[PDB]
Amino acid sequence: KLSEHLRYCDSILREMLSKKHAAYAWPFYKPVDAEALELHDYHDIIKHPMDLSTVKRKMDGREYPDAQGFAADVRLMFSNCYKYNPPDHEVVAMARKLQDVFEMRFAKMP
């Protein structure tokens, strides 16, 4: 059941990275580059950064013991965005749209 669950998780990650969702997913493809984005305090506020490329690296590396560990990293990526940004920020709206996809797919895991 454990490897079966992670294969389903790997499929969620594929979907989140697919062109269908790119209009809102793209800000989450890569780690936040605080210098390049001029968010120079980002790592003072966000102590555990996360992004979809890091989830992929960890999934490929078999670092997730279960689907719950996968889900916690994905929710950490959304919560970092809700924590750092003002609630009316463009990127918060994009995070919510992507989280709507994640939560639905994750809940439908057989």
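Numbering starts at 1 and runs along the sequence shown. Think of the rigid core as the biggest set of C-alphas that the two forms share within 1.5 Å after superposition.
Engineer: Out of 33-41 and 47-55, which shows the greater rigid core-aligned C-alpha deviation in 6 other deposited structures of this protein?
Structural biologist: After the core superposition, the stretch with higher RMS deviation in 6 other deposited structures of this protein is 33-41.
Engineer: Comparing average C-alpha B factors as deposited, tell me which of 26-34 and 65-73 sits higher.
Structural biologist: The entry gives the higher C-alpha B-factor average to 65-73.
Engineer: Look up the CA B-factors in the entry and say which stretch, 76-84 or 39-47, has the higher mean.
Structural biologist: Per the PDB entry, the higher value belongs to 39-47.
Engineer: Taking the C-alpha B-factors as the PDB entry records them, is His89 in the lowest, middle or highest third of its chain?
Structural biologist: Highest third, going by the recorded CA B-factors of the chain.
Engineer: Classify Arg14 as lowest, middle or highest third according to the C-alpha B-factor given in the PDB entry, relative to its own chain.
Structural biologist: According to the entry, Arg14 has a C-alpha B-factor in the chain's middle third.
Engineer: What third of its chain, lowest, middle or highest, does the C-alpha temperature factor of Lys1 fall into?
Structural biologist: For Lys1, whose C-alpha B-factor we compare with every modelled residue in the chain, the answer is the highest third.
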